[PDB]
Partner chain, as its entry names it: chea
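Form deposited without the partner chain, single chain, as structure tokens, below.
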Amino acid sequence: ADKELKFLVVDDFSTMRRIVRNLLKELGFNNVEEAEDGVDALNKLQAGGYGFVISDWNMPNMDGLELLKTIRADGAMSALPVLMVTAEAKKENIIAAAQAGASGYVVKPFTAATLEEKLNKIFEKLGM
């Protein structure tokens, strides 16, 4: 799916952002940005509309919904694929998420082969 899809990692973690940076590179990707919270993503995504956005779920302060749900509030591009990253997974949470653009949800930590398993499972609907 393109060897340079744009990704946005807003994980406040002070080390996880580094792991994914490489991991993605292993999948053939050289174009990622970074933030520290939703207010940051909203101000940093006005850049050019990333094709992919990775965000934790509650590490910065509130949650990522408002950060994502807002993206959907737009239109013509509410399909922005998002692979939110979280520990474990409660259906109640993965639901309100997909109901928006959180369409992608990968637990963590994942192995480049594991992430590759989820990503490929999503692009099957995007058909690139």
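Numbering follows the first chain given and starts at 1.
Although it is not shown, the form solved in complex with the partner chain is what the next lines describe.
ask   = Applying a 4.5 Å heavy atom distance criterion, does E124 contact the partner chain in the bound PDB entry?
value = Contact check for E124: yes, within 4.5 Å of the partner chain in the bound PDB entry.
query = Is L27 close enough to the partner chain in the bound PDB entry to count, meaning some heavy atom within 4.5 Å?
reply = No - in the bound PDB entry, heavy atoms of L27 and the partner chain never come within 4.5 Å of each other.
request  = Determine whether any heavy atom of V53 comes within 4.5 Å of a heavy atom of the partner chain in the bound PDB entry, and answer yes or no.
outcome  = Because no heavy atom of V53 falls inside 4.5 Å of the partner chain in the bound PDB entry, the answer is no.
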